[PDB]
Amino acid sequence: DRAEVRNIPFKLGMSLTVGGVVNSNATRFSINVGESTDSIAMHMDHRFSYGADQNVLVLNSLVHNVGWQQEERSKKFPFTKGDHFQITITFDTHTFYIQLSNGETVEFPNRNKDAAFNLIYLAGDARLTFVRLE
């Protein structure tokens, strides 16, 4: 179902570039970097329409058998249903560095101080079209 890259270590000093296409009537889709679908160190949720959330990015971490931690939000939203997007992520032990399709960036804490991640995945209303992890 989901698009994923599994067990190709995403390590300090590497870059992850993902391209895809948002579905036409998307509600929301996320990129996730972590360990599993129940262990995500960087979740970035792209909310076209979700409760009160319209055109907002919501970022958070997910701890296995615990739940979502503190959410962070950004109003930067260079994303269009039906359209291509491209995201690039790098990280060091303190921070995830996220660059969006228009070159705008968001940063999110590396809460575990992890130096590598074995799972990258997209979920929700979109699809991936290319990946560079290197």
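In case it trips you up, residue 1 is the first one in the sequence shown, and so on.
Colleague: Which wins on mean Cα temperature factor, 53-61 or 29-37?
Modeller: It is 53-61.
Colleague: Hey, which bit's got the bigger mean C-alpha B factor in the entry, 67-75 or 80-88?
Modeller: Looking at the recorded C-alpha B-factors, 67-75 comes out higher on average.
Colleague: Can you tell me which of 12, 120, 16, 22 has the maximum CA B-factor listed in the PDB entry?
Modeller: It is 12.
Colleague: Against its chain's modelled residues, does residue 127's Cα B factor rank lowest, middle or highest third?
Modeller: For residue 127, whose C-alpha B-factor we compare with every modelled residue in the chain, the answer is the lowest third.
Colleague: Which third, lowest, middle or highest, does the CA B-factor of residue 5 fall in along this chain?
Modeller: Residue 5: CA B-factor falls in the middle third of its chain.
Colleague: Would the CA B-factor of residue 93 place it in the lowest, middle or highest third of its chain?
Modeller: Highest third - that is where residue 93 ends up once the chain's C-alpha B-factors are sorted.
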